[PDB]
Amino acid sequence: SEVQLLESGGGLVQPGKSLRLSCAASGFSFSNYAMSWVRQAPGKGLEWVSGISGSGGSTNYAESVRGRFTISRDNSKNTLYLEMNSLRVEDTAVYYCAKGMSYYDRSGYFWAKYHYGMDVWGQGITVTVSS
Amino acid sequence: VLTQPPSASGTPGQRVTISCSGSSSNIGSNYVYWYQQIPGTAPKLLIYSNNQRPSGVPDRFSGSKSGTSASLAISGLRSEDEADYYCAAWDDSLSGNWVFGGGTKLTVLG
Amino acid sequence: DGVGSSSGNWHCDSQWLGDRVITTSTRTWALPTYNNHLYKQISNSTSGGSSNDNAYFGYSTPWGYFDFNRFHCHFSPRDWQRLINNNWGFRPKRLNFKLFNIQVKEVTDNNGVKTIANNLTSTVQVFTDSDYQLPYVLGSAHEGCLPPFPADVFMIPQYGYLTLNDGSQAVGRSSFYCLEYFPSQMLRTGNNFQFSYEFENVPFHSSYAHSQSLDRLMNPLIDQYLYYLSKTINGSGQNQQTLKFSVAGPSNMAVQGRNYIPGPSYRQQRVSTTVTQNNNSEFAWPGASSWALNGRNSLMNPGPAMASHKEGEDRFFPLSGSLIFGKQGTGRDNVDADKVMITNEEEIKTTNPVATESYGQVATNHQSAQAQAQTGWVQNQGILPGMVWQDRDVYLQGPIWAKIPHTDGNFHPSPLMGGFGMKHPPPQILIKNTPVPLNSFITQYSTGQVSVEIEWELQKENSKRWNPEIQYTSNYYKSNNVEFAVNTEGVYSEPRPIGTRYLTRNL
Amino acid sequence: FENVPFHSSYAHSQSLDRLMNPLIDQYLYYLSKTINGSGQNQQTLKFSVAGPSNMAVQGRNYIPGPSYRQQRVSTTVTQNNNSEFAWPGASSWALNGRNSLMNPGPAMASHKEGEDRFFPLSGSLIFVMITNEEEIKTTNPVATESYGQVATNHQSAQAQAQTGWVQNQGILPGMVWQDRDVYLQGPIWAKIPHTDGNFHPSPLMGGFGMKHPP
Amino acid sequence: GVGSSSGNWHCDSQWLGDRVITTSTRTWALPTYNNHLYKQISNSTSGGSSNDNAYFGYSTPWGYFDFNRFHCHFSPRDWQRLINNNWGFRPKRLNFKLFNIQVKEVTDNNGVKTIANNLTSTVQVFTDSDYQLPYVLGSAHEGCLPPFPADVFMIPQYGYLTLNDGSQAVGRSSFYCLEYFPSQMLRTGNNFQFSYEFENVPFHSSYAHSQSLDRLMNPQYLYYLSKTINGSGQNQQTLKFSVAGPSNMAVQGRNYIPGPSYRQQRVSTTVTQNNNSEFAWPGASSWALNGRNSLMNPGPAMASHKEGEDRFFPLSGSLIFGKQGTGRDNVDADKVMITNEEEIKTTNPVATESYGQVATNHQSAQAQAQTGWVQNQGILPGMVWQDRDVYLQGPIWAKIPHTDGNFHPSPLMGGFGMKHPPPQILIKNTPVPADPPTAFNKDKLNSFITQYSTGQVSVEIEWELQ
């Protein structure tokens with residue numbers, strides 16, 4: 001298992017409060033893959049919240065999390081960051097850090113169709129939003 | 001969303017098929033990925049780009065897509081092949097989203 | 001010379017000595033008889049003549065030609081990496097073309113079964129046009145070139161041209177050419193053909209990216225001695241107009257005087273990669289930038305060299321702005337995005353305006369007490385004194401040279417798809433099978449070897465840059481294949497376009 | 001006489017946009033299809049090979065010369081507008097507050113193929129005998145036409161792709177042009193003005209430019 | 001040696017034949033910049049978070065000599081002898097000298113400082129003749145040799161900019177260490193010199209035309225269209241052709257047309273005439289590069305105003321010099337000097353005027369002939385134009401950027417475009433460390449002796465006259 005993704009910043013947060021999640025990537029060239037965050041609610045199926053391009057220029061978000069969440073990455077530090085604002089009880093889930101399998105670069109363009117497929121995941125960090 | 005049967009059942013050594021129905025925007029015009037997840041563990045990629053599969057994945061797992069529906073077939077079913085299966089594809093509509101299916105829990109009887 | 005004596009050897013390699021590179025490429029070819037040894041008129045009337053913009057008139061010929069215009073003909077992925085990483089410039093010097101190992105096979109089909117035997121007395125006519133008397137078809141980036149991979153056997157493309165037309169009709173000024181009317185060289189199974197060509201002096205292609213931008217040339221530590229108007233009014237209110245000037249300095253860098261300004265622009269529509277961000281209508285032709293000639297609209301493809309997108313943007317590309325290559329296996333009509341390869345010309349962003357942006361703003365009125373100052377956007381700007389610009393980049397897949405058209409005058413003859421403009425490019429090489437017996441002939445084809453050699457002159461990298469440069473590298477990770485190699489079925493594919501611009505220079 | 005380029009006295013047997021081989025495909029692709037079909041949310045990107053079937057989308061190495069548009073005049077008077085537009089509708093350049101008519105101006109095609117009657121207002125020399133530059137159409141734009149189209153905005157889900165016409169177009173890298181044909185009644189040489197700089201000193205009424213003429 | 005002079009004082013201008021050999025000499029003072037240290041600089045370091053003003057670059061301890069301005073080598077009398085008797089001029093040769101180097105160390109105790117000589121200390125100087133460093137001498141910067149010979153000038157700090165995204169630096173951005181260049185080291189008895197050959201440039205025209213482009217006629221066999229209608233009424237369409245002659249000189253045929261134009265907004269010196277709103281940046285003509293907007297200052301050479309109008313000047317379309325003692329911010333109109341380009345009007349369009357009119361449609365029985373204004377015009381075949389005039393306070397040369405192509409490389413602020421201009425002359429004081437500790441430490445030495453140097457510079461340029 002050469003590729004390795006770690007998540008930190010998980011915790012218990014009261015509703016309305018905002019917390020920040022981080023993922024440390026190693027074992028691959030980070031800026032050449034588009035990362036994404038997928039959340040799994042307890043006893044529920046996987047749900048894709050947001051993805052970011054390798055350069056960081058373009059980001060996508062699920063409608064449920066749009067405008068409250070913001071995804072960013074620091075290519076120099078090989079980190080994927082997910083900042084969540086105006087949290088609610090509906091957000092309690094286990095958040096995963098998923099790496100985009102397709103590899104691309106500056107010669108080409110970022111294609112959301114092709115580059116969001118995720119070959120490897122992360123252990124995930126449980127996030128709880130309760131009063 | 002991508003629709004999947006809640007559960008699927010099989011006997012060891014018997015072929016089992018899991019399928020997801022989708023709209024034109026997702027399954028119809030985009031590649032479909034298959035993820036196998038066992039509870040308490042991060043998901044694993046079984047099939048990507050409709051029928052392709054990653055290294056380190058057994059030959060029995062086969063996936064295909066026709067029209068707006070994609071089917072994942074398992075042959076030589078084993079006890080270790082019992083888990084939840086998630087169907088995923090890119091969705092062009094509603095601003096562009098990666099969509100996961102509802103999930104299917106395959107149970108190996110006997 | 002003899003039936004059982006080979007007329008040439010196999011030469012493929014690339015020896016690099018000093019400031020020059022010599023590339024040698026040998027292939028195997030097959031030339032069928034085209035049009036059953038007939039010259040035949042062609043026009044859209046045969047295809048129905050649907051559009052006025054698509055109207056054409058011309059002739060198809062029995063002749064065939066050899067084409068090595070694309071860069072990958074002469075360079076391996078390793079030789080191209082060795083070129084683009086180590087050099088600021090290159091350009092072709094000499095050319096040598098050999099044609100040998102001629103074999104003429106006669107196809108004998110008797111009662112449905114077919115047997116192929118040698119015809120030892122057949123000839124293959126070949127000539128080159130060194131006076132540039134025939135139409136020059138080698139500059140349109142056409143298919144049918146030598147294969148990238150040395151073990152591929154390629155089919156020779158059929159030579160045909162076009163002349164003046166009105167609709168599908170001809171006109172009194174139209175020209176017709178019979179290539180039989182040139183002197184040619186005939187070749188039996190032991191004969192061979194060769195010629196040498198001398199490229200005319202051209203400027204070195206600039207395989208580098210600027211490490212500075214045109215608006216940032218100034219020393220950021222010192223204030224300019226020039227002045228700029230900072231305030232037109234003292235404060236909000238009536239009769240507050242005033243003239244106040246401030247020193248142009250590093251705190252405000254947009255107003256400082258500059259000696260030079262970015263190159264010309266002709267805007268392209270920008271298409272977003274995410275399909276839901278695009279307009280829900282068909283705008284590929286309607287929203288396209290185009291130019292008109294003799295009452296016919298032609299798309300401005302690729303057009304003037306401009307930056308594809310602004311820095312920090314990876315999801316947008318000009319509608320007709322950059323060259324698009326198909327991946328191998330890709331279909332002729334309406335293929336998906338993954339099959340194609342859209343090149344990026346973001347290297348030239350520092351000196352050129354973005355293709356999808358306006359050049360700037362101009363005042364369209366005189367400001368006065370009665371009327372407020374007004375500006376409007378420049379969608380296209382021609383050459384101005386003081387402009388500088390970068391030419392479009394050259395690709396491993398893309399074309400090498402073009403023929404500068406023959407006209408009273410031109411400006412910056414460099415071709416718009418990239419490469420070296422020449423008023424005397426390498427001459428076309430025309431080859432055909434001699435008809436062997438009148439409409440009834442013998443089913444016949446020929447094959448052999450083609451070796452080509454080009455001497456390239458290099459411009460070395462003198463840079464004093466302290467930190468390490470960006471280089472084209474092969475990524476290291478496990479995969480089912482290695483890039484730029486064959487797969488399990490014997491198919492040699494090129495996964496991505498390789499630009500020439502990695503090293504940097506000052507502006 | 002100082003060295004001058006040979007005046008061209010020939011007409012092209014080809015056009016700038018037809019230089020291609022009609023029998024062969026390009027290896028370049030273009031964007032053929034932006035929508036799968038009719039209906040809401042039918043957005044897609046599809047590419048096709050540029051080739052003999054559709055010749056206007058192919059890549060090209062060169063583009064036609066510059067244009068400064070002249071108003072069109074029909075030899076049949078009834079088709080012309082019933083107003084006085086010789087000066088009011090003239091294409092002109094302004095110098096030091098004075099407006100000078102652009103006569104003849106940049107060399108362009110006097111009329112499109114098949115439209116013998118129409119001619120540019122000030123675009124032709126008139127000896128009356130009105131000369132027409134029909135030969136230059138292959139590499140030059142028509143005098144009475146826009147040079148082409150450019151996009152005026154960024155298309156998006158909210159806004160459609162908008163173009164706008166190019167009435168005048170200066171020199172661009174990659175342009176080629178033909179000068180104005182000399183006539184038997186026309187001038188021979190002209191004196192190039194003495195200035196810091198000039199571009200293509202050839203005189204606009206036809207003939208040879210010279211810095212030190214007779 | 002210590003007590004011997006390394007050079008003499010040469011200031012004069014000898015006019016012989018078709019050349020003017022000018023020699024200037026000044027006294028300079030070179031401090032220590034950034035404490036002998038390199039520092040990344042960016043807009044974030046200076047704040048302001050303005051996208052158009054974003055920059056990323058480096059500041060170096062080196063100083064540099066700039067003698068680009070015309071006044072360094074010409075006196076007001078030498079400039080009068082030049083412009084009255086000559087049509088044109090251009091530089092030919094260059095001779096630079098740096099001599100009489102004196103190093104001064106400053107010892108400090110509490111609030112009283114003692115300034116003494118250090119004979120051992122040396123100054124590092126080198127020129128870049130391969131043009132491998134970023135070239136800042138063409139940005140019309142301050143720090144040039146003063147116009148008056150008795151003045152003593154301070155040498156400005158060297159700095160350069162590189163690629164950026166915001167205040168951040170992209171991968172392509174480069175870093176140059178000037179210490180990685182071979183240089184010469186001068187003590188109190190050492191001098192430095194080098195010679196330079198100006199590449200061939202055209203003579204800068206120094207005359208105003210006595211004729212105008214459109215009036216070149218003598219007061220033709222060509223005809224023009226005089227009348228499109230016979231008179232008032234319906235169906236009056238007609239075609240009439242009159243002789244082009246001295247009676248109407250506007251419609252005659254012409255071989256050449258004026259140069260290109262990019263319109264500047266017009267600003268009146270009387271404030272009541274100007275609009276009562278802030279239009280300095282909003283109303284300004286500009287050009288966009290990579291999402292950043294740069295003001296089009298000065299831009300294409302054009303006449304500042306129509307003849308007979310003296311109260312109007314283009315907004316950005318001229319060089320504005322300050323009078324002696326003028327402040328750095330928000331100074332009134334009497335504190336500055338605005339240059340004018342009236343002389344070039346004969347061949348050039350006015351900066352505040354449209355280039356002309358073009359046909360935007362086809363006329364017909366149902367459609368009138370329409371025109372539209374050309375607010376910017378590129379080059380056309382047959383254009384002629386004058387470049388911008390050189391001023392006694394203005395720059396001399398600029399470095400033509402190294403690019404695939406350019407047109408008419410002559411710089412927009414005036415002067416001679418050159419691919420290999422006079423080389424940059426870089427100079428710094430060699431850092432002299434203070435006492436190091438007696439126990440070894442691997443960290444670089446941050447403690448230095450406060451130091452500066454002073455000396456003489458003489459530059460000699462040979463000017464050719466037409």
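Sequence lines set the chain letters: A, B, ... in the order given, protein chains first and strands last, and positions in each chain run from 1. Just so you know, these numbers use all the heavy atoms, side chains as well, and skip hydrogens, waters and symmetry mates.
- When the shell of 6.0 Å around OH of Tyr476(C) is examined, it contains 12 or fewer heavy atoms from other residues, nucleotides or ligands.
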Notebook entry, point to check: Are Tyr96(A) and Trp121(A) close enough, and set up right, to give a ring pair (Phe, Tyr, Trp, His ring centres under 6.0 Å), and what steps lead you there?
Noted result: CA-CA 7 Å; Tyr96(A) 298 94; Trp121(A) 298 62; 5.8 Å; yes

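- Ion pair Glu83(A)/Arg68(A) not flagged as a salt bridge, since none of the NZ, NE, NH1 or NH2 atoms sits closer than 4.0 Å to an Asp/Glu carboxylate oxygen.
- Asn85(A) and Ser18(A) form a side-chain donor-acceptor contact under 3.5 Å, judged by distance and modelled atom types alone.
- In summary, the aromatic rings of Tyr477(C) and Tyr103(A) are positioned with their centroids under 6.0 Å apart.
- In this structure, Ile125(A) and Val94(A) have side chains that are not in contact, with every pair of non-hydrogen atoms separated by 4.5 Å or more.
- Counting only distance, with no hydrogens or angles, the side chain of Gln155(D) and the backbone of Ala159(D) share no donor-acceptor pair below 3.5 Å.
- Counting non-hydrogen atoms of neighbouring residues, nucleotides and ligands closer than 6.0 angstrom, the CZ atom of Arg15(B) reaches no more than 12 such neighbours.
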Note to self: Is there a salt bridge (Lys or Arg N to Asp or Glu O under 4.0 Å) between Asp338(C) and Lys327(C)? Walk through the geometry before answering.
What the structure shows: CA-CA 8 Å; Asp338(C) 61 9; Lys327(C) 293 176 178 176; over 6 Å; no

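- Listed for the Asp74(A) side chain is no donor-acceptor partner under 3.5 Å among the backbone atoms of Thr79(A).
- Counted by atom type alone, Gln277(C) and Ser272(C) present one or more donor-acceptor pairs between their side chains at under 3.5 Å.
- Rounded to the nearest 0.5 angstrom, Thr273(C) OG1 and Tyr114(A) OH are separated by 10.0 Å.
- With hydrogens and angles left out, the side-chain atoms of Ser479(C) and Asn481(C) include no donor and acceptor closer than 3.5 Å.
- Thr17(B) and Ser71(B) are not linked by any side-chain donor-acceptor pair at a separation below 3.5 angstrom, with hydrogens and angles left out of the test.
- Between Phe61(B) and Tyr85(B), the ring planes are tilted. Angles from 30° to 60° get that label.
- For the atom pair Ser50(A) OG and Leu82(A) CG, the distance stands at 5.0 Å (nearest 0.5 Å).
- Cation-pi geometry between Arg270(C) and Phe316(C) is met: under 6.0 angstrom from the ring centre, within 45 degrees of the axis.
- Counting non-hydrogen atoms of neighbouring residues, nucleotides and ligands closer than 6.0 angstrom, the CD atom of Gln123(A) reaches no more than 12 such neighbours.
- Residues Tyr86(B) and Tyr35(B) keep their aromatic ring centres 6.0 Å or farther apart.
- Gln40(A) and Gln37(B) share a donor-acceptor pair across their side chains, judged by distance under 3.5 Å alone.
- A cation-pi geometry, defined here as NZ or CZ lying under 6.0 Å from the six-membered ring centre and within 45° of its normal, does not hold between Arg53(B) and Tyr48(B).
- Applying the ring pair (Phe, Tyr, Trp, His ring centres under 6.0 Å) test between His115(A) and each of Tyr104(A), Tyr33(A), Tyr109(A) identifies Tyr104(A) as the sole match.
- Residues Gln40(D) and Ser93(B) have side chains not in contact (no heavy-atom distance under 4.5 Å, counting atoms from C-beta outward).
- Environment of CZ in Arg78(B): sparse, with no more than 12 heavy atoms of neighbouring residues, nucleotides or ligands closer than 6.0 Å.
- Counting only distance, with no hydrogens or angles, the side chain of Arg66(A) and the backbone of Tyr61(A) share a donor-acceptor pair below 3.5 Å.
- A search for side chain to side chain donor-acceptor pair (under 3.5 Å) contacts involving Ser320(C) returns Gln268(C), not counting sequence neighbours.
- Counting heavy atoms from C-beta outward, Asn344(C) and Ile342(C) have side chains that stay 4.5 Å or more apart.
- Taking the six-membered ring where the residue is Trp, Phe69(A) and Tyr95(A) present tilted rings, their angle falling between 30° and 60°.
- Using cut-offs of 30° and 60° for the angle between ring planes, the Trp98(B) and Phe100(B) rings count as perpendicular.
- With sequence neighbours excluded, the residues forming a side-chain contact (heavy atoms from CB on, under 4.5 Å) with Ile35(D) are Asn280(C), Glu282(C), listed by chain and number.
- A cation-pi arrangement, defined by a distance under 6.0 Å to the six-membered ring centre and an angle within 45 degrees of its axis, is absent between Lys113(A) and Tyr31(B).
- Counting only heavy atoms from C-beta outward, the side chains of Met35(A) and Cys97(A) approach each other to under 4.5 Å.
- Residue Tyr502(C) holds its OH atom at 10.0 Å from OG1 of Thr473(C), rounded to the nearest 0.5 Å.
- Other residues, nucleotides and ligands contribute at most 12 non-hydrogen atoms within 6.0 Å of the NZ atom of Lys17(A).
- Between the side chain of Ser86(A) and the main chain of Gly16(A), no donor-acceptor pair closer than 3.5 Å is present.
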Next item on the list: Apply salt bridge (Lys or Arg N to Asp or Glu O under 4.0 Å) to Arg106(A) and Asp314(C), showing your working.
Entry: CA-CA 8 Å; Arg106(A) 282 213 291 189; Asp314(C) 45 13; over 6 Å; no

Note to self: Before you tell me yes or no, could you show the steps for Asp91(A) and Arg88(A) under salt bridge (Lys or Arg N to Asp or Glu O under 4.0 Å), namely the whole-Å CA-CA distance, both residues' side-chain angles and the distance that decides it to 0.1 Å?
What the structure shows: CA-CA 6 Å; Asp91(A) 300 341; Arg88(A) 43 202 62 158; 5.3 Å; no

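- No more than 12 heavy-atom neighbours from other residues, nucleotides or ligands sit within 6.0 angstrom of CD on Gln160(D).
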